[PDB]
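Indexing begins at 1, ligand by ligand and atom by atom, following the structure's order. Sequence lines set the chain letters: A, B, ... in the order given, protein chains first and strands last, and positions in each chain run from 1. Hydrogens, waters and symmetry mates are skipped; everything else that's a heavy atom, side chains included, is used.
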Amino acid sequence: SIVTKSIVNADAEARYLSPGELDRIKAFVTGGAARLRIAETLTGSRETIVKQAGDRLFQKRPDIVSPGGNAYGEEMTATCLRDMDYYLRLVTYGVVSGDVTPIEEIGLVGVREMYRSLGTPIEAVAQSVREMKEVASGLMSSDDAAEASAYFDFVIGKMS
Amino acid sequence: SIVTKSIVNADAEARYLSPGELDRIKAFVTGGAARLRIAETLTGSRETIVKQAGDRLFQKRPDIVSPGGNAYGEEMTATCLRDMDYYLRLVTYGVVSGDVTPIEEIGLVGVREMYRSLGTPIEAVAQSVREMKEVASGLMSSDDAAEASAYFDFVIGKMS
Amino acid sequence: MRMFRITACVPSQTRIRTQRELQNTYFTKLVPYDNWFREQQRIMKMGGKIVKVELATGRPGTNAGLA
Amino acid sequence: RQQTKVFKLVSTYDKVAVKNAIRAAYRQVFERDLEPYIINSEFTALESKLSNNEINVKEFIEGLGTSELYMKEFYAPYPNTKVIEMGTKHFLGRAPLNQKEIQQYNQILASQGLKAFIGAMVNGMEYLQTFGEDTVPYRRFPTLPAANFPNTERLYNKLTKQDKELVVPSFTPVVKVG
Amino acid sequence: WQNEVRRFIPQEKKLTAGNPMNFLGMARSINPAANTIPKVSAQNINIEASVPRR
Amino acid sequence: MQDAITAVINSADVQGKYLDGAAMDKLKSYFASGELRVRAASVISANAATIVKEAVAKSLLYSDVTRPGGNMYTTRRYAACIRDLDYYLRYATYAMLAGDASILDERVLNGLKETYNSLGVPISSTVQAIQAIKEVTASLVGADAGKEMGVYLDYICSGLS
Amino acid sequence: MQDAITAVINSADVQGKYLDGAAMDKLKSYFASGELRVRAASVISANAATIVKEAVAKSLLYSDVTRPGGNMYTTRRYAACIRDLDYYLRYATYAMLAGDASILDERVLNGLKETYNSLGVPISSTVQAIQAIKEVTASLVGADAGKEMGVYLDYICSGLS
Amino acid sequence: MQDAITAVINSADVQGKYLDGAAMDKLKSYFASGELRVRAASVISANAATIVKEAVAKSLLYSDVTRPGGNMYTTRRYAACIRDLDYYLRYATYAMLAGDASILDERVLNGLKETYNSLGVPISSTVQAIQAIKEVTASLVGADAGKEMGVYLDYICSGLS
Amino acid sequence: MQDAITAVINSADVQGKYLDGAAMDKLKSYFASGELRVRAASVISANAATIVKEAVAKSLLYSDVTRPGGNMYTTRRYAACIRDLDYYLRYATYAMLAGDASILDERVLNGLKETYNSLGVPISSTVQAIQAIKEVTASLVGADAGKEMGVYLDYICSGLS
Amino acid sequence: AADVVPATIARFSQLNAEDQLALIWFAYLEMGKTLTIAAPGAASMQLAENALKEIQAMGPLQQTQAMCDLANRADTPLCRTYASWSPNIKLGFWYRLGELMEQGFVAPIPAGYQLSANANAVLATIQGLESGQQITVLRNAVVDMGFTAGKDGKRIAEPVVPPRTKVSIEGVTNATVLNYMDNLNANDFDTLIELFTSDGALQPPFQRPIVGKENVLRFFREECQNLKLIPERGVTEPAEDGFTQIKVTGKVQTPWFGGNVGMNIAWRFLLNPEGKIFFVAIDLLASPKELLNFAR
Amino acid sequence: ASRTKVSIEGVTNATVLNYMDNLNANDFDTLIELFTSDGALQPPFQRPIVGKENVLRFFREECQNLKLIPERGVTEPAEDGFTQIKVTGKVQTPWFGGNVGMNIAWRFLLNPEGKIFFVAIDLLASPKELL
Ligand SMILES: *[C@@H](C)[C@H]1/C(=C/c2[nH]c(/C=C3N=C(/C=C4\NC(=O)C(CC)=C4C)C(C)=C\3CCC(=O)O)c(CCC(=O)O)c2C)NC(=O)[C@@H]1C
Ligand SMILES: *[C@H](C)[C@H]1/C(=C/c2[nH]c(/C=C3N=C(/C=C4\NC(=O)C(CC)=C4C)C(C)=C\3CCC(=O)O)c(CCC(=O)O)c2C)NC(=O)[C@@H]1C
Ligand SMILES: *[C@H](C)[C@H]1/C(=C/c2[nH]c(/C=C3N=C(/C=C4\NC(=O)C(CC)=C4C)C(C)=C\3CCC(=O)O)c(CCC(=O)O)c2C)NC(=O)[C@@H]1C
Ligand SMILES: *[C@H](C)[C@H]1/C(=C/c2[nH]c(/C=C3N=C(/C=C4\NC(=O)C(CC)=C4C)C(C)=C\3CCC(=O)O)c(CCC(=O)O)c2C)NC(=O)[C@@H]1C
Ligand SMILES: *[C@H](C)[C@H]1/C(=C/c2[nH]c(/C=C3N=C(/C=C4\NC(=O)C(CC)=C4C)C(C)=C\3CCC(=O)O)c(CCC(=O)O)c2C)NC(=O)[C@@H]1C
Ligand SMILES: *[C@H](C)[C@H]1/C(=C/c2[nH]c(/C=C3N=C(/C=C4\NC(=O)C(CC)=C4C)C(C)=C\3CCC(=O)O)c(CCC(=O)O)c2C)NC(=O)[C@@H]1C
Ligand SMILES: *[C@H](C)[C@H]1/C(=C/c2[nH]c(/C=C3N=C(/C=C4\NC(=O)C(CC)=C4C)C(C)=C\3CCC(=O)O)c(CCC(=O)O)c2C)NC(=O)[C@@H]1C
Ligand SMILES: CC1=C(/C=C/C(C)=C/C=C/C(C)=C/C=C/C=C(C)/C=C/C=C(C)/C=C/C2=C(C)C(=O)CCC2(C)C)C(C)(C)CCC1=O
């Protein structure tokens, strides 16, 4: 998380955490209540968030489910929903932790090798995470929308 | 050309070409007539083989030309036809060279980055070059099937 | 193999080295094409100035035969 | 750590110094004098290029790494992990830093081979910050990170071809992700 | 005199989070819109101007 | 490299006097612009690969450059051009964060113009590609940050010119 | 390392003798293998990613191995095991075309068990990974070539197991 | 490395579940402790040199190690011990601020035992110096911050022991 | 091995301190739980022979494990499997009487993981079998006693995990 | 034929801005059932929400003005922004505009418009062709649209069309409620500020009641804009102290706090026995459709 | 009161009566199994809350020991097989304002199966103002 990031950055220079790092951790720990509440909100709408996220994705890129696509039947669409819930959980992990590194530790390192060995169009995965961001921001406060959109946007960028 | 590869290896070893290399270029030069025949046959029947393999690729992967795919739109399917033409011409160049260096350095090295930028499903192109392989084997002689299939297999494996 | 020759001046920004340093401060070296991007990125990140660069070996625009 | 010599090619005018630096680079990269391992010196072109000062000592070291002899000696008869250990010992002067470095170098050795590994490990920022553009690489005695010193000591305390075991196969992760 | 006739099949292993079985019905809940078979043959396309040129 | 704060500090230090009213006014201006710069940086970090994609598409694809005989021909040179534009976009974003053109001068333009001349790269084509970068990033970040990002991209083009 | 041809050469040379009839006939046997081995190598190289892809899809994929807690979880370890299977397939092809397992135990078996134990990799799961690789190769190389693929991959498993 | 905030994440993700009430409560507990953790880390960083000086004074100075022939002799070696104690204190501060002692066994304890064995370092002497540092810091940072720092330093010592 | 009472006594002895308020509160908690633990022990020793029957029937019957090729085929393997389940049940009952996980650390989990690994027996299937015996024992011993049994069984699984 | 799509593009070329826009809109209407379906994810629409949000937030008359400026390729910032996009981006933008019009988020077509004869022939030609060259024709038609500095021109500009009845409530005939609900459809909020007392009690849906006449004026000026209300029926009862409680249910043909073109909306009125309007409560009755949910 | 069946006129279904009884007993964990997984709650002066644990949260930090007194109700069919039940009662506990004298309206959109896919808590207001 942000504490882990600060510790690693300080370890790189072989020094104690600077006052900037210390009061950044200060602000993060003080404001963690809002982050935990937003993680709770994202967790609660998990089934629906995945539901209309996948619906909008398929309406936007039906080729992934069309004849020739990676996920033709309800079985492979279910696998897409499974991966979709995976990356929703990853974004929740990032929100609670406050830093993107756990996402990198979980669902961003070697992802291109994953979705090349599987034939999945990674651009479609990015679009699905973008549908995450759009609908989730629709179902939450604007400032909280931006707070979650930071991690959704980072996942989108690592996609493309 | 295998002559360039052998010269490169000898220069790396700082030695004159070994008997294996000399025999390699000797067999290549003595058998250049068959490679030229393959090149002429591919050039003459390029337009039909590319169209047939593209049709078979469509039959395997209709989503590529579905409304929302990279090949959708007659412009965006003519561009697939042109890309298959380019790869067939590259294979023809390699057949008359004896090695895969021109294939590697004209359309293979950095192909993944280009097809990621354009969004093309590289595995679909692998299936397309496979279909080119079956079409060429059908139109071309049995003994030369091994020689042509070696290069097609190399292109498929590297670009898969 | 399409070689570059680069004349670059890399100063010292942190340490005052007490021995002779023109051998690595202002140098004209040979760098391959494949290594050149990484080499120039390293030189720029080290604060040096690329005084000059040229393609001593190779022909520009060679579609095939770049070994 | 103190009873050693560092070869800096200060000037190429002194041909004797250039030859001494070349021989020291051979010894460091290959761990031995390459008299009984070659029919004839295949690095004569690199020696001439360095003697004319058209390339730096770092380029000479990279050319030594990107040579058929090195892949015959320290790449062909060992797995990728042992190749990583031996390469980081010969050029960077120390054992692998961590599992991240091992993962990266395994990625290069799996995607582009030994030449890309040598080029990345030689053109890296650590190489330039330690040896510069004129110093032949030498054995290092790092204090950090953790376990780097013991791994380097084990790597350098055994003669060439002493054993086939892996001094640093991989760092056991205290915390396993997922 | 009820009797428990235990069947051949092993007891069905409890569904876990990783398995997409719990999402399977959701997929049928989705019922994603598929796509019709594209009716293009590529024979009547001629690669001199059908390819984009901009 | 330098940023707005470092640039102001160096400008004050070269004549060796303290930060006067003008310097702190400039510092206030940069601090005010920092919010917009961070937001635009987030957007560009979102859509860098896209912006490169439609930039090349509206500037390079299906043109005299990509066709055989052009410098962008072949997958190798295409990947090289894609990486060039990716690095240009990333460094323009870096300069936008810093508010200073020093990073472009000492990290993007030293050794690049004559590198292209040695390779024969079309300077007039890369200029239009960077201008496509400008327009695409303006369409996303908005006009307010778009103008400053265009300023940095124009600096890159002028240095390359 | 060494293969069957180098095997006969160094077997003759350790005794300091020429090619006796026994070496003559084993060279005849290896030459008779010949085109079959190289054709199998070419067919393996053709769909090189395909063998590993369907091998993962058959045994490892969609299970507790690839689920949370399993060593397959996260994209990093998935790509790592894909790279491991690529090593295994390439080295099996090298041993096949050479006809000897010296390459395997000089480039794979040395410390691979201990290096997985350091990472806590499932030896058994890798075992059926190479097992599935066996029939995925056999379905594309035939029976006899597939048989020798099975033999060498079984040697790899036994060294690993 | 792992901290108190990502420890819950990994614990929940090994079974693949989301963050439930228990994980939420653990995160809130860590955030509550964050105030004291940050204050202790800042105070320790401000007084690290004096802390290591005082710990060396009451645990190593004027003993057999510092006398000639001892491992504290040869002032380079004394500076090596000063550096080692600084490392131990800084990494203990890292672990205390993180809330988990995973960085200690990943960046400190990894390979330390055979390091000291090869160098012939007095392991118990270093352990005693670590408890001296623990006592010095506990008397300067308070009772609870000293509690956590002593916990992590004792974990380091137990790794040493 | 130590129970809750002896564990508390040893913990107090480590600090050289008397039994403070926490000591008496933990002791009284164990004394209150003693009634439930004794009755659950009687109930579980009641059906220790039969309980493992349905524990394995709903876990490891008519599956890949029992069939030939599986690691539970052959009378020795099935007998060792049922005996391992009996050992786990008996030792978890021992821990429930003692109310401490100390016995499992040294007498059950000590050397069990690598023992299974060398034996090649499926550790994951053992985990599911121990979970199944968890529900089976919870059915007969009740809810609270069931939870106490289940925590120890999950500890065994985690150690074997 | 091989020249089906180039000939169709040439046919589209001579059609004027009015004919071109009408053909595009009617092709979108025929989309899915007769023309090719739309998959907007294929094009990078993430660089286009700026213009779409700007057009949505902008008012209906000048919405149509900006759209027709694009159609005739006027020199406006929106025109240049559209012209700087790729053809797939342009087509996705047009499809998003069509979806907004279908959902009513943007000003729709003139009521009861009929396609021209030439445009009808070109659209039928589009319908006959395959999906691939249909999408090609649409792309080539939309690429040239927009202002690009260079050699381009238009023959005749397509000017925006320069262009209200009393609402009937079943079971209710109160003059005050009718004036309120007619003026809002006519956007006559200034009349309403004198049409109710100074209490200012309004109840936005899924919100707390607003208090204060100035707050009510801000809500009317900020929230209510071009709202189209069609009351279906209503009931009036005598509340406490002679107050009139009027529950009137109808529909709103405009996006309104996440509301569709067809939505069962209800109004509860506490009107003063001697005054006019003491409290108004607007509630969007639920159904098997919920896109305005925010969870918590 | 709480132990006896809630006296509601026009409502004769076990689901609504069970929901009344559970809400009075405050066993919200037992209360919410009557809810649908996609089911939502429409709080007064707030937009609908979707997600099962979201309704759990709304119960366990907002609906904290409140008493509701239903009076009457009506039921009719709804599209997609849903059943629209409009129930009116009075709230005798402080719940978002209007102590004792607020008419709460519950709009139960029941699933054809029986679970409540959507329930809306409508706090109908008396002539009392300043709410
Ligand atoms: C007075 C003339 C100066 C002075 C000296 C001073 N030194 C100490 C303490 C120590 N001095 C050493 C030095 C060495 N140890 C070595 O091994 C080597 C040679 C290889 C040296 C030079 C050490 C290790 C100590 C501390 C440990 C020990 O004494 O055994 C003191 C006392 C410090 C204290 O607080 O006890 C003093 C006074 N100090 C000055 O200010 C003068 C410049
Ligand atoms: C000082 C009175 C004047 C002055 C000098 C100045 N020099 C530098 C930097 C360098 N000077 C050298 C020169 C040498 N290095 C060698 O090894 C030898 C031969 C044995 C020579 C002659 C070099 C190589 C550098 C750059 C590398 C380095 O710093 O080690 C500076 C600093 C420049 C900077 O900021 O980078 C200065 C100031 N400048 C004046 O104004 C004086 C008249
Ligand atoms: C067809 C079955 C697949 C496919 C193809 C496709 N390609 C493009 C565009 C381009 N293709 C290339 C490729 C090459 N140029 C070269 O020089 C070489 C070697 C000689 C190759 C392989 C290039 C450079 C382009 C860019 C356009 C241009 O050439 O100017 C497209 C268009 C994509 C777009 O967004 O416009 C398509 C559709 N796409 C698929 O989905 C199939 C798998
Ligand atoms: C794309 C917009 C244009 C284009 C690109 C192109 N570039 C190369 C080769 C190189 N480009 C670089 C670039 C950089 N080095 C740096 O340090 C920086 C700072 C980020 C940059 C931008 C380098 C170093 C090279 C050479 C090394 C390498 O390519 O790896 C090529 C290939 C040329 C050739 O193969 O001969 C191309 C095609 N080409 C165009 O036409 C566009 C205008
Ligand atoms: C869906 C809209 C897109 C898509 C996805 C897709 N994925 C799979 C299969 C798998 N996905 C994963 C990914 C992960 N597992 C992990 O543990 C992690 C981190 C937590 C990741 C990222 C895996 C491992 C699989 C393999 C099966 C398994 O989960 O065990 C499929 C099905 C592939 C198949 O052929 O079975 C699909 C369809 N594909 C698309 O085209 C969409 C854009
Ligand atoms: C895959 C078949 C199974 C699996 C394995 C797995 N491996 C790793 C990590 C590594 N594996 C290797 C492999 C090799 N090293 C060698 O020297 C040889 C011979 C060339 C081989 C095959 C290496 C080097 C690593 C570490 C470096 C890296 O990541 O590239 C992991 C990840 C371990 C971790 O996260 O620490 C895994 C999971 N997992 C399965 O499920 C398969 C049954
Ligand atoms: C049953 C759930 C699983 C299973 C069991 C199985 N175990 C063995 C062999 C052994 N089991 C043990 C374990 C213990 N012995 C002890 O004294 C204790 C202390 C508490 C334990 C935990 C040991 C030591 C062995 C080896 C010696 C023996 O033969 O018993 C086998 C047979 C192994 C073999 O090679 O014969 C089996 C089959 N197998 C499964 O598949 C189940 C998941
Ligand atoms: C499938 C697919 C896609 C393509 C998708 C496609 C095909 C997208 C295209 C969708 C289309 C064709 C949308 C049409 C939009 C037309 C509008 C909004 C015009 C309205 C005109 C009005 C209101 C004028 C009214 C009027 C006024 C006011 C007057 O003044 C009087 C008259 C008049 C009528 C003029 C993608 C590109 C997204 C991805 C790839 C891919 O394969």
Side-chain angles (χ1 to χ4, degrees), chain A residues 53-54 57-58 61 63-65 69-72 75-84 86-87 89-90 106-108 111 114-115 118-128, chain C residues 9-13 15-26 47, chain D residues 10-11 178, chain E residues 18-20 32, chain G residues 53 56-57 60-63 65-68 70 72-78, chain H residues 13 16, chain I residues 52 55-56 59-60 65-66 70-74 76-85 87-88 90-91 104 107-112 115-116 118-130 133 156 160:
Chain A
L57 168 68
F58 296 144
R61 285 284 307 278
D63 315 321
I64 62 170
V65 65
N70 189 179
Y72 181 76
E75 177 168 33
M76 294 298 102
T77 61
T79 72
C80 276
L81 315 174
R82 203 281 322 283
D83 296 336
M84 185 179 288
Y86 278 170
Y87 287 60
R89 211 174 71 225
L90 259 67
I106 304 194
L108 291 179
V111 71
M114 184 180 288
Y115 282 144
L118 288 176
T120 292
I122 205 158
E123 189 169 1
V125 186
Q127 193 85 38
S128 87
Chain C
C9 176
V10 182
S12 178
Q13 57 214 17
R15 295 179 66 250
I16 305 299
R17 310 155 293 179
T18 62
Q19 57 201 0
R20 173 172 150 87
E21 294 294 328
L22 280 72
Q23 66 271 8
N24 57 350
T25 298
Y26 190 105
Chain D
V10 173
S11 166
Chain E
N19 209 319
Chain G
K53 177 175 167 57
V56 179
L60 298 180
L61 210 68
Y62 289 110
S63 66
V65 190
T66 183
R67 267 192 290 262
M72 263 291 168
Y73 206 63
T74 72
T75 76
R76 184 190 60 78
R77 294 179 293 173
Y78 192 39
Chain H
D13 193 0
Chain I
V52 182
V56 75
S59 72
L60 285 164
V65 188
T66 182
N71 213 324
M72 184 177 177
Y73 180 53
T74 72
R76 281 79 57 200
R77 298 197 155 190
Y78 192 92
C81 191
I82 62 170
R83 183 219 48 195
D84 281 354
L85 297 176
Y87 282 23
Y88 292 138
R90 198 169 46 91
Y91 278 92
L104 303 175
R107 291 178 182 266
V108 177
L109 311 176
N110 165 47
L112 177 57
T115 302
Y116 279 173
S118 300
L119 293 191
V121 291
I123 61 190
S124 172
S125 69
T126 60
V127 178
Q128 283 71 242
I130 306 172
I133 184 63
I156 317 172
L160 181 56

Undergrad: Can you tell me which portion of G:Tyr62 lies within the under-4.0 Å heavy-atom range of ligand 5? Options are side chain, backbone, both, or neither.
TA: both
Undergrad: Would A:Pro121 count as a contact of ligand 5 if the rule is a heavy atom under 4.0 Å away?
TA: yes
Undergrad: Given that the side chain starts at C-beta and the backbone is N, CA, C, O, which of these parts of A:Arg61 lies under 4.0 Å from ligand 5, counting heavy atoms, or is it both or neither?
TA: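 Neither part.
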Undergrad: Is the closest N or O pair between A:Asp83 and ligand 5 shorter than 3.5 Å?
TA: yes
Undergrad: Using a 4.0 Å cut-off to any heavy atom of A:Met114, which atoms of ligand 5 qualify?
TA: 13 (C), 14 (C), 21 (C), 22 (C)
Undergrad: How does C:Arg17 reach ligand 2, if at all, at less than 4.0 Å between non-hydrogen atoms: by side chain, backbone, both, or neither?
TA: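 For C:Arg17, the contact with ligand 2 is made by the side chain alone.
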Undergrad: Mind checking the OH-SG spacing from I:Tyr73 to I:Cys81? Nearest 0.5 Å is all I need.
TA: 15.5 Å
Undergrad: When you look at I:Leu60 and I:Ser125, which way does the side-chain contact (heavy atoms from CB on, under 4.5 Å) test go after all the steps?
TA: CA-CA 8 Å; I:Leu60 285 164; I:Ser125 69; 4.1 Å; yes
Undergrad: Please evaluate residues A:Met114 and A:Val125 with respect to the criterion side-chain contact (heavy atoms from CB on, under 4.5 Å), reporting the C-alpha separation (whole Å), side-chain torsions for both, the decisive distance (0.1 Å), and the verdict.
TA: CA-CA 12 Å; A:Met114 184 180 288; A:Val125 186; over 6 Å; no
Undergrad: For C:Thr25, is at least one N or O under 3.5 Å away from an N or O on ligand 2?
TA: no
Undergrad: Looking at A:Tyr86, does the NZ or CZ of A:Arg89 lie under 6.0 angstrom from its six-membered ring centre and within 45 degrees of the ring axis?
TA: no
Undergrad: Taking distance alone, with N or O pairs closer than 3.5 Å, would you say A:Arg82 contacts ligand 5?
TA: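 It does: an N or O of A:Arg82 is found under 3.5 Å from an N or O of ligand 5.
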Undergrad: With a cut-off of 4.0 Å, which atoms of ligand 5 are near a heavy atom of A:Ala71?
TA: 38 (C)
Undergrad: Assess, by modelled atom type and distance only, whether the side chains of A:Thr79 and A:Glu75 contain a donor and an acceptor separated by less than 3.5 Å.
TA: no
Undergrad: Do you know the tightest heavy-atom contact between E:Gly18 and G:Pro68?
TA: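 Reported closest heavy-atom pair: CA-CD, 3.8 Å.
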Undergrad: List the steps and the verdict of side-chain contact (heavy atoms from CB on, under 4.5 Å) for I:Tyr87 and I:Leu112.
TA: CA-CA 12 Å; I:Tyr87 282 23; I:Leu112 177 57; over 6 Å; no
Undergrad: Output the list of atoms in ligand 5 that are nearer than 4.0 Å to some heavy atom of A:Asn70, sorted by atom number.
TA: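 Taking each heavy atom of A:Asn70 in turn, ligand 5 has 37 (C), 38 (C), 39 (N), 40 (C), 41 (O) under 4.0 Å.
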Undergrad: Enumerate the atoms of ligand 2 whose separation from the nearest heavy atom of C:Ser12 is less than 4.0 angstrom.
TA: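 That gives atoms 28 (C), 29 (O), 30 (O) of ligand 2.
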Undergrad: Answer with side chain, backbone, both or neither: which part of A:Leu57 has a heavy atom less than 4.0 angstrom from an atom of ligand 5?
TA: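 Only the side chain of A:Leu57 comes within reach of ligand 5.
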Undergrad: How close do G:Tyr62 and E:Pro20 get, counting heavy atoms only, and between which atoms?
TA: CE2-CG, 4.2 Å
Undergrad: CD1/I:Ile156 to CG/I:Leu104 distance, rounded to the nearest 0.5 angstrom?
TA: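 That separation rounds to 5.0 Å.
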Undergrad: C:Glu21 vs C:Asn24, test: side-chain contact (heavy atoms from CB on, under 4.5 Å). Steps then yes/no.
TA: CA-CA 6 Å; C:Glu21 294 294 328; C:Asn24 57 350; 2.7 Å; yes
Undergrad: Consider side chain to side chain contact (heavy atoms under 4.5 Å, CB included). Of I:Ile133, I:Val52, I:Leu160, which one does I:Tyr88 pass it with?
TA: I:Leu160
Undergrad: Which of the numbered atoms in ligand 5 are under 4.0 angstrom from any heavy atom belonging to A:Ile64?
TA: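 Checking each atom against A:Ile64, I get 2 (C), 41 (O), 42 (C), 43 (C).
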Undergrad: Has I:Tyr116 got more than 12 heavy atoms of other residues, nucleotides or ligands less than 6.0 Å from its OH?
TA: yes
Undergrad: Is A:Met84 close enough to touch ligand 5? Criterion: a residue heavy atom under 4.0 Å from a ligand atom.
TA: no
Undergrad: In ligand 5, which numbered atoms sit nearer than 4.0 Å to a non-hydrogen atom of G:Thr75?
TA: 22 (C)
Undergrad: If you measure from each non-hydrogen atom of A:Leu118 to ligand 5, which part falls under 4.0 Å: side chain, backbone, both or neither?
TA: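 Only the side chain of A:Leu118 comes within reach of ligand 5.
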Undergrad: Tell me whether I:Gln128 contacts the main-chain N or O of I:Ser124 through its side chain, where contact means a donor paired with an acceptor under 3.5 Å.
TA: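 Confirmed, I:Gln128 side chain pairs with I:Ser124 backbone.
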Undergrad: If the condition is side chain to side chain donor-acceptor pair (under 3.5 Å), which residues does I:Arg77 pass it with, not counting sequence neighbours?
TA: I:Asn71
Undergrad: Distance under 4.0 Å to a non-hydrogen atom of A:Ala124: what atoms of ligand 5 satisfy this?
TA: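 Going through ligand 5 atom by atom, the ones under 4.0 Å from A:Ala124 are 43 (C).
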Undergrad: Where is the tightest heavy-atom contact between C:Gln23 and D:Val10, given as atom of each residue plus distance?
TA: CB-O, 3.3 Å
Undergrad: Give a table of atom pairs where an N or O of ligand 7 lies under 3.5 Å from a protein N or O.
TA:
unit_1: ligand 7; atom_1: 7 (N); unit_2: I:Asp84; atom_2: OD2; d: 2.8
unit_1: ligand 7; atom_1: 11 (N); unit_2: I:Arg83; atom_2: NH2; d: 3.0
unit_1: ligand 7; atom_1: 11 (N); unit_2: I:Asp84; atom_2: OD1; d: 3.2
unit_1: ligand 7; atom_1: 11 (N); unit_2: I:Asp84; atom_2: OD2; d: 2.8
unit_1: ligand 7; atom_1: 30 (O); unit_2: I:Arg83; atom_2: NH1; d: 2.9
unit_1: ligand 7; atom_1: 30 (O); unit_2: I:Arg83; atom_2: NH2; d: 2.8
unit_1: ligand 7; atom_1: 41 (O); unit_2: I:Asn71; atom_2: O; d: 3.4

Undergrad: Which of the numbered atoms in ligand 5 are under 4.0 angstrom from any heavy atom belonging to A:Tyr87?
TA: 22 (C)
Undergrad: So, is A:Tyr115 polar-close to ligand 5, with some N/O to N/O distance under 3.5 Å?
TA: no
